[PDB]
file entry_31.pdb (PDB, N, CA and C atoms and all ligand atoms)
ATOM      1  N   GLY A   1       5.155  14.253 -10.617  1.00  0.00           N
ATOM      2  CA  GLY A   1       5.034  12.808 -10.517  1.00  0.00           C
ATOM      3  C   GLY A   1       3.613  12.370 -10.621  1.00  0.00           C
ATOM      4  N   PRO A   2       3.324  11.103 -10.383  1.00  0.00           N
ATOM      5  CA  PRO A   2       1.944  10.632 -10.438  1.00  0.00           C
ATOM      6  C   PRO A   2       1.135  11.274  -9.310  1.00  0.00           C
ATOM      7  N   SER A   3      -0.134  11.487  -9.590  1.00  0.00           N
ATOM      8  CA  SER A   3      -1.026  11.976  -8.544  1.00  0.00           C
ATOM      9  C   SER A   3      -1.282  10.886  -7.502  1.00  0.00           C
ATOM     10  N   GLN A   4      -1.674  11.302  -6.331  1.00  0.00           N
ATOM     11  CA  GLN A   4      -1.818  10.382  -5.200  1.00  0.00           C
ATOM     12  C   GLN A   4      -2.987   9.434  -5.475  1.00  0.00           C
ATOM     13  N   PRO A   5      -2.764   8.125  -5.386  1.00  0.00           N
ATOM     14  CA  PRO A   5      -3.843   7.183  -5.685  1.00  0.00           C
ATOM     15  C   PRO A   5      -5.001   7.327  -4.697  1.00  0.00           C
ATOM     16  N   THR A   6      -6.175   6.981  -5.195  1.00  0.00           N
ATOM     17  CA  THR A   6      -7.383   6.965  -4.376  1.00  0.00           C
ATOM     18  C   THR A   6      -7.539   5.594  -3.720  1.00  0.00           C
ATOM     19  N   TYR A   7      -7.732   5.616  -2.402  1.00  0.00           N
ATOM     20  CA  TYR A   7      -7.977   4.355  -1.664  1.00  0.00           C
ATOM     21  C   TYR A   7      -9.298   3.760  -2.091  1.00  0.00           C
ATOM     22  N   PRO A   8      -9.343   2.479  -2.456  1.00  0.00           N
ATOM     23  CA  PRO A   8     -10.575   1.877  -3.005  1.00  0.00           C
ATOM     24  C   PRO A   8     -11.587   1.471  -1.957  1.00  0.00           C
ATOM     25  N   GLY A   9     -11.267   1.658  -0.695  1.00  0.00           N
ATOM     26  CA  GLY A   9     -12.230   1.332   0.359  1.00  0.00           C
ATOM     27  C   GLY A   9     -11.870   0.056   1.077  1.00  0.00           C
ATOM     28  N   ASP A  10     -12.239  -0.029   2.383  1.00  0.00           N
ATOM     29  CA  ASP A  10     -11.937  -1.230   3.147  1.00  0.00           C
ATOM     30  C   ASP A  10     -12.535  -2.511   2.567  1.00  0.00           C
ATOM     31  N   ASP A  11     -13.704  -2.373   1.932  1.00  0.00           N
ATOM     32  CA  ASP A  11     -14.438  -3.530   1.440  1.00  0.00           C
ATOM     33  C   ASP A  11     -14.113  -3.880   0.015  1.00  0.00           C
ATOM     34  N   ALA A  12     -13.085  -3.275  -0.567  1.00  0.00           N
ATOM     35  CA  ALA A  12     -12.722  -3.606  -1.930  1.00  0.00           C
ATOM     36  C   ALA A  12     -12.256  -5.052  -2.041  1.00  0.00           C
ATOM     37  N   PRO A  13     -12.468  -5.665  -3.192  1.00  0.00           N
ATOM     38  CA  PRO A  13     -11.914  -7.019  -3.370  1.00  0.00           C
ATOM     39  C   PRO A  13     -10.407  -6.990  -3.278  1.00  0.00           C
ATOM     40  N   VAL A  14      -9.811  -8.102  -2.907  1.00  0.00           N
ATOM     41  CA  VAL A  14      -8.374  -8.255  -2.815  1.00  0.00           C
ATOM     42  C   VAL A  14      -7.673  -7.784  -4.086  1.00  0.00           C
ATOM     43  N   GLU A  15      -8.197  -8.093  -5.280  1.00  0.00           N
ATOM     44  CA  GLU A  15      -7.567  -7.665  -6.525  1.00  0.00           C
ATOM     45  C   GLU A  15      -7.404  -6.158  -6.585  1.00  0.00           C
ATOM     46  N   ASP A  16      -8.411  -5.418  -6.094  1.00  0.00           N
ATOM     47  CA  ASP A  16      -8.348  -3.959  -6.101  1.00  0.00           C
ATOM     48  C   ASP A  16      -7.409  -3.447  -5.013  1.00  0.00           C
ATOM     49  N   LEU A  17      -7.305  -4.112  -3.881  1.00  0.00           N
ATOM     50  CA  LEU A  17      -6.291  -3.738  -2.902  1.00  0.00           C
ATOM     51  C   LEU A  17      -4.901  -3.964  -3.431  1.00  0.00           C
ATOM     52  N   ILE A  18      -4.643  -5.012  -4.191  1.00  0.00           N
ATOM     53  CA  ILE A  18      -3.360  -5.263  -4.855  1.00  0.00           C
ATOM     54  C   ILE A  18      -3.078  -4.155  -5.853  1.00  0.00           C
ATOM     55  N   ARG A  19      -4.080  -3.747  -6.641  1.00  0.00           N
ATOM     56  CA  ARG A  19      -3.892  -2.669  -7.595  1.00  0.00           C
ATOM     57  C   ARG A  19      -3.508  -1.364  -6.878  1.00  0.00           C
ATOM     58  N   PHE A  20      -4.164  -1.066  -5.777  1.00  0.00           N
ATOM     59  CA  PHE A  20      -3.899   0.111  -4.993  1.00  0.00           C
ATOM     60  C   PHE A  20      -2.488   0.035  -4.397  1.00  0.00           C
ATOM     61  N   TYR A  21      -2.116  -1.097  -3.843  1.00  0.00           N
ATOM     62  CA  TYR A  21      -0.786  -1.332  -3.319  1.00  0.00           C
ATOM     63  C   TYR A  21       0.263  -1.014  -4.374  1.00  0.00           C
ATOM     64  N   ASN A  22       0.093  -1.521  -5.603  1.00  0.00           N
ATOM     65  CA  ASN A  22       1.081  -1.237  -6.651  1.00  0.00           C
ATOM     66  C   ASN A  22       1.144   0.230  -6.984  1.00  0.00           C
ATOM     67  N   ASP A  23      -0.003   0.897  -7.050  1.00  0.00           N
ATOM     68  CA  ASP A  23      -0.014   2.333  -7.360  1.00  0.00           C
ATOM     69  C   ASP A  23       0.575   3.148  -6.239  1.00  0.00           C
ATOM     70  N   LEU A  24       0.342   2.751  -4.999  1.00  0.00           N
ATOM     71  CA  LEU A  24       0.915   3.430  -3.848  1.00  0.00           C
ATOM     72  C   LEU A  24       2.424   3.264  -3.826  1.00  0.00           C
ATOM     73  N   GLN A  25       2.933   2.077  -4.156  1.00  0.00           N
ATOM     74  CA  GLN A  25       4.360   1.849  -4.240  1.00  0.00           C
ATOM     75  C   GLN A  25       5.006   2.811  -5.226  1.00  0.00           C
ATOM     76  N   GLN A  26       4.414   2.908  -6.397  1.00  0.00           N
ATOM     77  CA  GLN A  26       4.961   3.803  -7.413  1.00  0.00           C
ATOM     78  C   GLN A  26       4.962   5.236  -6.921  1.00  0.00           C
ATOM     79  N   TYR A  27       3.902   5.701  -6.316  1.00  0.00           N
ATOM     80  CA  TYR A  27       3.754   7.040  -5.774  1.00  0.00           C
ATOM     81  C   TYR A  27       4.834   7.312  -4.737  1.00  0.00           C
ATOM     82  N   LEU A  28       4.991   6.406  -3.782  1.00  0.00           N
ATOM     83  CA  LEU A  28       5.986   6.575  -2.722  1.00  0.00           C
ATOM     84  C   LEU A  28       7.388   6.569  -3.276  1.00  0.00           C
ATOM     85  N   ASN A  29       7.702   5.748  -4.265  1.00  0.00           N
ATOM     86  CA  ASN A  29       9.004   5.751  -4.890  1.00  0.00           C
ATOM     87  C   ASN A  29       9.305   7.101  -5.510  1.00  0.00           C
ATOM     88  N   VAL A  30       8.327   7.718  -6.143  1.00  0.00           N
ATOM     89  CA  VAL A  30       8.580   9.030  -6.732  1.00  0.00           C
ATOM     90  C   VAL A  30       8.716  10.114  -5.674  1.00  0.00           C
ATOM     91  N   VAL A  31       7.840  10.129  -4.649  1.00  0.00           N
ATOM     92  CA  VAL A  31       7.895  11.127  -3.586  1.00  0.00           C
ATOM     93  C   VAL A  31       9.221  11.109  -2.858  1.00  0.00           C
ATOM     94  N   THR A  32       9.782   9.926  -2.665  1.00  0.00           N
ATOM     95  CA  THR A  32      11.035   9.771  -1.963  1.00  0.00           C
ATOM     96  C   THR A  32      12.244   9.809  -2.921  1.00  0.00           C
ATOM     97  N   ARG A  33      12.020  10.039  -4.216  1.00  0.00           N
ATOM     98  CA  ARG A  33      13.044  10.204  -5.229  1.00  0.00           C
ATOM     99  C   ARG A  33      13.881   8.937  -5.386  1.00  0.00           C
ATOM    100  N   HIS A  34      13.274   7.785  -5.215  1.00  0.00           N
ATOM    101  CA  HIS A  34      13.964   6.486  -5.193  1.00  0.00           C
ATOM    102  C   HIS A  34      13.200   5.495  -6.057  1.00  0.00           C
ATOM    103  N   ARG A  35      13.343   5.640  -7.386  1.00  0.00           N
ATOM    104  CA  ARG A  35      12.572   4.846  -8.336  1.00  0.00           C
ATOM    105  C   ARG A  35      13.294   3.561  -8.739  1.00  0.00           C
ATOM    106  N   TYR A  36      13.600   2.833  -7.688  1.00  0.00           N
ATOM    107  CA  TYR A  36      14.047   1.468  -7.820  1.00  0.00           C
ATOM    108  C   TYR A  36      13.147   0.619  -6.901  1.00  0.00           C
TER     109      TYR A  36
ATOM    110  N   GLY B   1      -5.020 -14.333  10.574  1.00  0.00           N
ATOM    111  CA  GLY B   1      -3.932 -13.458  10.170  1.00  0.00           C
ATOM    112  C   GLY B   1      -4.073 -12.099  10.766  1.00  0.00           C
ATOM    113  N   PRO B   2      -3.255 -11.144  10.361  1.00  0.00           N
ATOM    114  CA  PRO B   2      -3.375  -9.788  10.889  1.00  0.00           C
ATOM    115  C   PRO B   2      -4.699  -9.173  10.432  1.00  0.00           C
ATOM    116  N   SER B   3      -5.236  -8.321  11.281  1.00  0.00           N
ATOM    117  CA  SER B   3      -6.431  -7.580  10.893  1.00  0.00           C
ATOM    118  C   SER B   3      -6.094  -6.538   9.826  1.00  0.00           C
ATOM    119  N   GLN B   4      -7.093  -6.134   9.093  1.00  0.00           N
ATOM    120  CA  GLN B   4      -6.891  -5.248   7.943  1.00  0.00           C
ATOM    121  C   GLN B   4      -6.446  -3.874   8.446  1.00  0.00           C
ATOM    122  N   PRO B   5      -5.333  -3.352   7.937  1.00  0.00           N
ATOM    123  CA  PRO B   5      -4.848  -2.060   8.423  1.00  0.00           C
ATOM    124  C   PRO B   5      -5.838  -0.938   8.111  1.00  0.00           C
ATOM    125  N   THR B   6      -5.788   0.071   8.963  1.00  0.00           N
ATOM    126  CA  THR B   6      -6.594   1.274   8.779  1.00  0.00           C
ATOM    127  C   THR B   6      -5.822   2.282   7.929  1.00  0.00           C
ATOM    128  N   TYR B   7      -6.488   2.766   6.881  1.00  0.00           N
ATOM    129  CA  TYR B   7      -5.875   3.810   6.028  1.00  0.00           C
ATOM    130  C   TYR B   7      -5.710   5.087   6.819  1.00  0.00           C
ATOM    131  N   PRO B   8      -4.524   5.695   6.824  1.00  0.00           N
ATOM    132  CA  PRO B   8      -4.265   6.871   7.680  1.00  0.00           C
ATOM    133  C   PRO B   8      -4.778   8.176   7.112  1.00  0.00           C
ATOM    134  N   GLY B   9      -5.357   8.141   5.932  1.00  0.00           N
ATOM    135  CA  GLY B   9      -5.919   9.366   5.358  1.00  0.00           C
ATOM    136  C   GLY B   9      -5.055   9.920   4.255  1.00  0.00           C
ATOM    137  N   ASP B  10      -5.695  10.601   3.267  1.00  0.00           N
ATOM    138  CA  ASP B  10      -4.934  11.174   2.168  1.00  0.00           C
ATOM    139  C   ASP B  10      -3.866  12.179   2.600  1.00  0.00           C
ATOM    140  N   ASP B  11      -4.149  12.897   3.692  1.00  0.00           N
ATOM    141  CA  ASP B  11      -3.272  13.970   4.139  1.00  0.00           C
ATOM    142  C   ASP B  11      -2.243  13.521   5.137  1.00  0.00           C
ATOM    143  N   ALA B  12      -2.089  12.220   5.347  1.00  0.00           N
ATOM    144  CA  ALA B  12      -1.087  11.746   6.280  1.00  0.00           C
ATOM    145  C   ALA B  12       0.318  12.089   5.802  1.00  0.00           C
ATOM    146  N   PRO B  13       1.238  12.284   6.729  1.00  0.00           N
ATOM    147  CA  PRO B  13       2.631  12.491   6.294  1.00  0.00           C
ATOM    148  C   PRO B  13       3.144  11.271   5.566  1.00  0.00           C
ATOM    149  N   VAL B  14       4.115  11.459   4.701  1.00  0.00           N
ATOM    150  CA  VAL B  14       4.750  10.391   3.956  1.00  0.00           C
ATOM    151  C   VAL B  14       5.188   9.249   4.868  1.00  0.00           C
ATOM    152  N   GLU B  15       5.760   9.530   6.048  1.00  0.00           N
ATOM    153  CA  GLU B  15       6.194   8.474   6.958  1.00  0.00           C
ATOM    154  C   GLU B  15       5.055   7.543   7.325  1.00  0.00           C
ATOM    155  N   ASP B  16       3.852   8.105   7.530  1.00  0.00           N
ATOM    156  CA  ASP B  16       2.690   7.294   7.883  1.00  0.00           C
ATOM    157  C   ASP B  16       2.158   6.542   6.667  1.00  0.00           C
ATOM    158  N   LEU B  17       2.247   7.093   5.474  1.00  0.00           N
ATOM    159  CA  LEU B  17       1.904   6.324   4.284  1.00  0.00           C
ATOM    160  C   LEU B  17       2.850   5.173   4.077  1.00  0.00           C
ATOM    161  N   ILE B  18       4.134   5.312   4.352  1.00  0.00           N
ATOM    162  CA  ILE B  18       5.118   4.227   4.301  1.00  0.00           C
ATOM    163  C   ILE B  18       4.758   3.165   5.324  1.00  0.00           C
ATOM    164  N   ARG B  19       4.385   3.567   6.545  1.00  0.00           N
ATOM    165  CA  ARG B  19       3.994   2.609   7.563  1.00  0.00           C
ATOM    166  C   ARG B  19       2.765   1.802   7.112  1.00  0.00           C
ATOM    167  N   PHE B  20       1.792   2.465   6.525  1.00  0.00           N
ATOM    168  CA  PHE B  20       0.593   1.838   6.035  1.00  0.00           C
ATOM    169  C   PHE B  20       0.935   0.881   4.886  1.00  0.00           C
ATOM    170  N   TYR B  21       1.758   1.308   3.956  1.00  0.00           N
ATOM    171  CA  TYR B  21       2.230   0.481   2.864  1.00  0.00           C
ATOM    172  C   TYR B  21       2.832  -0.810   3.399  1.00  0.00           C
ATOM    173  N   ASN B  22       3.715  -0.724   4.404  1.00  0.00           N
ATOM    174  CA  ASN B  22       4.318  -1.946   4.950  1.00  0.00           C
ATOM    175  C   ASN B  22       3.292  -2.844   5.586  1.00  0.00           C
ATOM    176  N   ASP B  23       2.338  -2.274   6.315  1.00  0.00           N
ATOM    177  CA  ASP B  23       1.299  -3.091   6.956  1.00  0.00           C
ATOM    178  C   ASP B  23       0.372  -3.706   5.941  1.00  0.00           C
ATOM    179  N   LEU B  24       0.066  -2.991   4.870  1.00  0.00           N
ATOM    180  CA  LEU B  24      -0.769  -3.516   3.802  1.00  0.00           C
ATOM    181  C   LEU B  24      -0.067  -4.653   3.084  1.00  0.00           C
ATOM    182  N   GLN B  25       1.239  -4.536   2.841  1.00  0.00           N
ATOM    183  CA  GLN B  25       2.007  -5.602   2.234  1.00  0.00           C
ATOM    184  C   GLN B  25       1.900  -6.882   3.050  1.00  0.00           C
ATOM    185  N   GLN B  26       2.105  -6.750   4.344  1.00  0.00           N
ATOM    186  CA  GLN B  26       2.027  -7.922   5.212  1.00  0.00           C
ATOM    187  C   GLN B  26       0.645  -8.541   5.155  1.00  0.00           C
ATOM    188  N   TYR B  27      -0.403  -7.764   5.213  1.00  0.00           N
ATOM    189  CA  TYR B  27      -1.786  -8.200   5.154  1.00  0.00           C
ATOM    190  C   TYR B  27      -2.047  -8.955   3.859  1.00  0.00           C
ATOM    191  N   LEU B  28      -1.665  -8.367   2.734  1.00  0.00           N
ATOM    192  CA  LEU B  28      -1.883  -8.993   1.429  1.00  0.00           C
ATOM    193  C   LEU B  28      -1.100 -10.275   1.295  1.00  0.00           C
ATOM    194  N   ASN B  29       0.119 -10.358   1.801  1.00  0.00           N
ATOM    195  CA  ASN B  29       0.887 -11.582   1.774  1.00  0.00           C
ATOM    196  C   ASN B  29       0.172 -12.687   2.524  1.00  0.00           C
ATOM    197  N   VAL B  30      -0.430 -12.373   3.655  1.00  0.00           N
ATOM    198  CA  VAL B  30      -1.145 -13.413   4.390  1.00  0.00           C
ATOM    199  C   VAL B  30      -2.438 -13.815   3.696  1.00  0.00           C
ATOM    200  N   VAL B  31      -3.230 -12.846   3.197  1.00  0.00           N
ATOM    201  CA  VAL B  31      -4.487 -13.136   2.512  1.00  0.00           C
ATOM    202  C   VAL B  31      -4.282 -14.021   1.302  1.00  0.00           C
ATOM    203  N   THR B  32      -3.187 -13.814   0.588  1.00  0.00           N
ATOM    204  CA  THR B  32      -2.887 -14.574  -0.604  1.00  0.00           C
ATOM    205  C   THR B  32      -2.038 -15.824  -0.294  1.00  0.00           C
ATOM    206  N   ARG B  33      -1.748 -16.094   0.980  1.00  0.00           N
ATOM    207  CA  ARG B  33      -1.049 -17.274   1.451  1.00  0.00           C
ATOM    208  C   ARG B  33       0.372 -17.338   0.896  1.00  0.00           C
ATOM    209  N   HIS B  34       1.004 -16.201   0.717  1.00  0.00           N
ATOM    210  CA  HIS B  34       2.317 -16.084   0.065  1.00  0.00           C
ATOM    211  C   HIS B  34       3.208 -15.167   0.888  1.00  0.00           C
ATOM    212  N   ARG B  35       3.723 -15.700   2.010  1.00  0.00           N
ATOM    213  CA  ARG B  35       4.489 -14.903   2.961  1.00  0.00           C
ATOM    214  C   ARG B  35       5.988 -14.928   2.665  1.00  0.00           C
ATOM    215  N   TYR B  36       6.241 -14.529   1.438  1.00  0.00           N
ATOM    216  CA  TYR B  36       7.581 -14.218   1.006  1.00  0.00           C
ATOM    217  C   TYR B  36       7.529 -12.807   0.388  1.00  0.00           C
TER     218      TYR B  36
HETATM  219 ZN    ZN C 101       3.558  15.134 -11.539  1.00  0.00          ZN
HETATM  220 ZN    ZN C 102      -5.947 -13.726  12.292  1.00  0.00          ZN
END

call {"tool": "encode", "arguments": {"input": "entry_31.pdb", "output": "structure tokens", "more": "lines below"}}
Ligand SMILES: [Zn+2]
Ligand SMILES: [Zn+2]
result
Amino acid sequence: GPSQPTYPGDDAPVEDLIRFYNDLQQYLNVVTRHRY
Amino acid sequence: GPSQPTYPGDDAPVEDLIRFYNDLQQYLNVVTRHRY
């Protein structure tokens, strides 16, 4: 599956936290075998 | 709004990454003024 996303840091702009959130969602969906 | 969640670390168990994901979602919804 996808490799584990890198956390962009506490001080990242909101746009980058949103990007990380989306990548983390995808990662967790694959790890849990639930790609919906 | 809620304070910014603390990242639990790359090596956290999946359950804790899910918990962080949910807390981050709530945080981002409030920051973007879109609590749906
Ligand atoms: Zn892979
Ligand atoms: Zn507050």

call {"tool": "residues_near_ligand", "arguments": {"input": "entry_31.pdb", "ligand": "ligand ZN 101 (chain C)", "cutoff": "6 Å", "atoms": "only N, CA and C atoms and all ligand atoms", "output": "PyMOL selection string"}}
result
chain A and resi 1-3

call {"tool": "calpha_fit_and_write", "arguments": {"input": "entry_31.pdb", "fixed": "chain A", "moving": "chain B", "output": "compact mmCIF listing (two decimals) with N, CA and C atoms, in the coordinates of the input"}}
result
# COMPACT_ATOMS: atom_id res chain seq x y z
N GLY B 1 5.16 14.25 -10.62
CA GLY B 1 5.03 12.81 -10.52
C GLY B 1 3.61 12.37 -10.62
N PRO B 2 3.32 11.10 -10.38
CA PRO B 2 1.94 10.63 -10.44
C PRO B 2 1.13 11.27 -9.31
N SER B 3 -0.13 11.49 -9.59
CA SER B 3 -1.03 11.98 -8.54
C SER B 3 -1.28 10.89 -7.50
N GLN B 4 -1.67 11.30 -6.33
CA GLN B 4 -1.82 10.38 -5.20
C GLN B 4 -2.99 9.43 -5.47
N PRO B 5 -2.76 8.13 -5.39
CA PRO B 5 -3.84 7.18 -5.68
C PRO B 5 -5.00 7.33 -4.70
N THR B 6 -6.17 6.98 -5.19
CA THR B 6 -7.38 6.97 -4.38
C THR B 6 -7.54 5.59 -3.72
N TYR B 7 -7.73 5.62 -2.40
CA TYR B 7 -7.98 4.36 -1.66
C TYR B 7 -9.30 3.76 -2.09
N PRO B 8 -9.34 2.48 -2.46
CA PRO B 8 -10.58 1.88 -3.01
C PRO B 8 -11.59 1.47 -1.96
N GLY B 9 -11.27 1.66 -0.70
CA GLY B 9 -12.23 1.33 0.36
C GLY B 9 -11.87 0.06 1.08
N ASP B 10 -12.24 -0.03 2.38
CA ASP B 10 -11.94 -1.23 3.15
C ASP B 10 -12.54 -2.51 2.57
N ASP B 11 -13.70 -2.37 1.93
CA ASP B 11 -14.44 -3.53 1.44
C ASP B 11 -14.11 -3.88 0.02
N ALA B 12 -13.09 -3.28 -0.57
CA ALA B 12 -12.72 -3.61 -1.93
C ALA B 12 -12.26 -5.05 -2.04
N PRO B 13 -12.47 -5.66 -3.19
CA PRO B 13 -11.91 -7.02 -3.37
C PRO B 13 -10.41 -6.99 -3.28
N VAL B 14 -9.81 -8.10 -2.91
CA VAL B 14 -8.37 -8.25 -2.81
C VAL B 14 -7.67 -7.78 -4.09
N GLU B 15 -8.20 -8.09 -5.28
CA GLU B 15 -7.57 -7.66 -6.53
C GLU B 15 -7.40 -6.16 -6.59
N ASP B 16 -8.41 -5.42 -6.09
CA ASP B 16 -8.35 -3.96 -6.10
C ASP B 16 -7.41 -3.45 -5.01
N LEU B 17 -7.30 -4.11 -3.88
CA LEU B 17 -6.29 -3.74 -2.90
C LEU B 17 -4.90 -3.96 -3.43
N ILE B 18 -4.64 -5.01 -4.19
CA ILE B 18 -3.36 -5.26 -4.85
C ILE B 18 -3.08 -4.16 -5.85
N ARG B 19 -4.08 -3.75 -6.64
CA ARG B 19 -3.89 -2.67 -7.60
C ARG B 19 -3.51 -1.36 -6.88
N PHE B 20 -4.17 -1.07 -5.78
CA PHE B 20 -3.90 0.11 -4.99
C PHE B 20 -2.49 0.03 -4.40
N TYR B 21 -2.12 -1.10 -3.84
CA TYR B 21 -0.79 -1.33 -3.32
C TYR B 21 0.26 -1.01 -4.37
N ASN B 22 0.09 -1.52 -5.60
CA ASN B 22 1.08 -1.24 -6.65
C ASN B 22 1.14 0.23 -6.98
N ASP B 23 0.00 0.90 -7.05
CA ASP B 23 -0.01 2.33 -7.36
C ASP B 23 0.57 3.15 -6.24
N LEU B 24 0.34 2.75 -5.00
CA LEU B 24 0.92 3.43 -3.85
C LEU B 24 2.42 3.26 -3.83
N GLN B 25 2.93 2.08 -4.16
CA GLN B 25 4.36 1.85 -4.24
C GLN B 25 5.01 2.81 -5.23
N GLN B 26 4.41 2.91 -6.40
CA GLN B 26 4.96 3.80 -7.41
C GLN B 26 4.96 5.24 -6.92
N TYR B 27 3.90 5.70 -6.32
CA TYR B 27 3.75 7.04 -5.77
C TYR B 27 4.83 7.31 -4.74
N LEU B 28 4.99 6.41 -3.78
CA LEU B 28 5.99 6.57 -2.72
C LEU B 28 7.39 6.57 -3.28
N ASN B 29 7.70 5.75 -4.26
CA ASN B 29 9.00 5.75 -4.89
C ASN B 29 9.31 7.10 -5.51
N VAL B 30 8.33 7.72 -6.14
CA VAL B 30 8.58 9.03 -6.73
C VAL B 30 8.72 10.11 -5.67
N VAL B 31 7.84 10.13 -4.65
CA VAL B 31 7.89 11.13 -3.59
C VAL B 31 9.22 11.11 -2.86
N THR B 32 9.78 9.93 -2.67
CA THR B 32 11.04 9.77 -1.96
C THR B 32 12.24 9.81 -2.92
N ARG B 33 12.02 10.04 -4.22
CA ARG B 33 13.04 10.20 -5.23
C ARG B 33 13.88 8.94 -5.39
N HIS B 34 13.27 7.78 -5.21
CA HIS B 34 13.96 6.49 -5.19
C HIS B 34 13.20 5.50 -6.06
N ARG B 35 13.34 5.64 -7.39
CA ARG B 35 12.57 4.85 -8.34
C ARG B 35 13.29 3.56 -8.74
N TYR B 36 13.60 2.83 -7.69
CA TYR B 36 14.05 1.47 -7.82
C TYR B 36 13.15 0.62 -6.90

call {"tool": "atom_distance", "arguments": {"input": "entry_31.pdb", "atom1": "atom CA of residue B:4", "atom2": "atom CA of residue B:26"}}
result
9.7 Å

call {"tool": "interface_residues", "arguments": {"input": "entry_31.pdb", "of": "chain A", "to": "chain B", "cutoff": "8 Å", "atoms": "only N, CA and C atoms", "output": "VMD selection string"}}
result
chain A and resid 5 7 10 14 17 to 18 21 24 to 25 28

call {"tool": "atom_distance", "arguments": {"input": "entry_31.pdb", "atom1": "atom C of residue A:13", "atom2": "atom N of residue A:34"}}
result
28.0 Å

call {"tool": "select_by_dssp", "arguments": {"input": "entry_31.pdb", "residues": "chain B", "states": "helix (DSSP H, G or I)", "output": "ChimeraX atom specification"}}
result
/B:14-31

call {"tool": "decode", "arguments": {"input": "entry_31.pdb", "residues": "stretch 15-34 of chain B", "atoms": "N, CA and C atoms", "output": "PDB file, in the first residue's frame"}}
result
ATOM      1  N   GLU B  15      -4.639   2.089  16.118  1.00  0.00           N
ATOM      2  CA  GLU B  15      -5.743   2.639  16.898  1.00  0.00           C
ATOM      3  C   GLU B  15      -5.487   4.079  17.301  1.00  0.00           C
ATOM      4  N   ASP B  16      -4.233   4.394  17.664  1.00  0.00           N
ATOM      5  CA  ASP B  16      -3.882   5.754  18.063  1.00  0.00           C
ATOM      6  C   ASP B  16      -3.790   6.675  16.850  1.00  0.00           C
ATOM      7  N   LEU B  17      -3.368   6.190  15.700  1.00  0.00           N
ATOM      8  CA  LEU B  17      -3.435   7.005  14.493  1.00  0.00           C
ATOM      9  C   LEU B  17      -4.857   7.309  14.108  1.00  0.00           C
ATOM     10  N   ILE B  18      -5.797   6.396  14.268  1.00  0.00           N
ATOM     11  CA  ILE B  18      -7.227   6.624  14.040  1.00  0.00           C
ATOM     12  C   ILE B  18      -7.735   7.677  15.008  1.00  0.00           C
ATOM     13  N   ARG B  19      -7.347   7.597  16.286  1.00  0.00           N
ATOM     14  CA  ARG B  19      -7.766   8.588  17.261  1.00  0.00           C
ATOM     15  C   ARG B  19      -7.263   9.987  16.870  1.00  0.00           C
ATOM     16  N   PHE B  20      -6.025  10.081  16.431  1.00  0.00           N
ATOM     17  CA  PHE B  20      -5.428  11.322  16.013  1.00  0.00           C
ATOM     18  C   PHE B  20      -6.146  11.854  14.766  1.00  0.00           C
ATOM     19  N   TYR B  21      -6.403  11.005  13.797  1.00  0.00           N
ATOM     20  CA  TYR B  21      -7.148  11.354  12.605  1.00  0.00           C
ATOM     21  C   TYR B  21      -8.482  11.983  12.979  1.00  0.00           C
ATOM     22  N   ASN B  22      -9.235  11.361  13.897  1.00  0.00           N
ATOM     23  CA  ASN B  22     -10.529  11.935  14.287  1.00  0.00           C
ATOM     24  C   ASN B  22     -10.372  13.278  14.949  1.00  0.00           C
ATOM     25  N   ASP B  23      -9.370  13.431  15.807  1.00  0.00           N
ATOM     26  CA  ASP B  23      -9.153  14.719  16.481  1.00  0.00           C
ATOM     27  C   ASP B  23      -8.694  15.779  15.515  1.00  0.00           C
ATOM     28  N   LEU B  24      -7.882  15.415  14.538  1.00  0.00           N
ATOM     29  CA  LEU B  24      -7.430  16.348  13.518  1.00  0.00           C
ATOM     30  C   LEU B  24      -8.593  16.794  12.650  1.00  0.00           C
ATOM     31  N   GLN B  25      -9.500  15.885  12.293  1.00  0.00           N
ATOM     32  CA  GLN B  25     -10.683  16.234  11.534  1.00  0.00           C
ATOM     33  C   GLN B  25     -11.496  17.298  12.256  1.00  0.00           C
ATOM     34  N   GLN B  26     -11.732  17.066  13.531  1.00  0.00           N
ATOM     35  CA  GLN B  26     -12.507  18.027  14.310  1.00  0.00           C
ATOM     36  C   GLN B  26     -11.817  19.376  14.339  1.00  0.00           C
ATOM     37  N   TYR B  27     -10.530  19.427  14.557  1.00  0.00           N
ATOM     38  CA  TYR B  27      -9.724  20.634  14.598  1.00  0.00           C
ATOM     39  C   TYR B  27      -9.834  21.386  13.280  1.00  0.00           C
ATOM     40  N   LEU B  28      -9.625  20.689  12.172  1.00  0.00           N
ATOM     41  CA  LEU B  28      -9.685  21.315  10.850  1.00  0.00           C
ATOM     42  C   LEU B  28     -11.071  21.824  10.544  1.00  0.00           C
ATOM     43  N   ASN B  29     -12.128  21.123  10.922  1.00  0.00           N
ATOM     44  CA  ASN B  29     -13.480  21.596  10.728  1.00  0.00           C
ATOM     45  C   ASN B  29     -13.707  22.905  11.456  1.00  0.00           C
ATOM     46  N   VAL B  30     -13.186  23.037  12.660  1.00  0.00           N
ATOM     47  CA  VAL B  30     -13.370  24.294  13.379  1.00  0.00           C
ATOM     48  C   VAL B  30     -12.535  25.419  12.784  1.00  0.00           C
ATOM     49  N   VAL B  31     -11.258  25.161  12.439  1.00  0.00           N
ATOM     50  CA  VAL B  31     -10.383  26.175  11.858  1.00  0.00           C
ATOM     51  C   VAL B  31     -10.943  26.736  10.569  1.00  0.00           C
ATOM     52  N   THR B  32     -11.573  25.889   9.771  1.00  0.00           N
ATOM     53  CA  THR B  32     -12.131  26.294   8.501  1.00  0.00           C
ATOM     54  C   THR B  32     -13.603  26.736   8.631  1.00  0.00           C
ATOM     55  N   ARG B  33     -14.152  26.763   9.847  1.00  0.00           N
ATOM     56  CA  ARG B  33     -15.484  27.244  10.156  1.00  0.00           C
ATOM     57  C   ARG B  33     -16.555  26.404   9.465  1.00  0.00           C
ATOM     58  N   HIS B  34     -16.314  25.122   9.313  1.00  0.00           N
ATOM     59  CA  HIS B  34     -17.176  24.208   8.548  1.00  0.00           C
ATOM     60  C   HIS B  34     -17.396  22.934   9.350  1.00  0.00           C
TER      61      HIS B  34
END
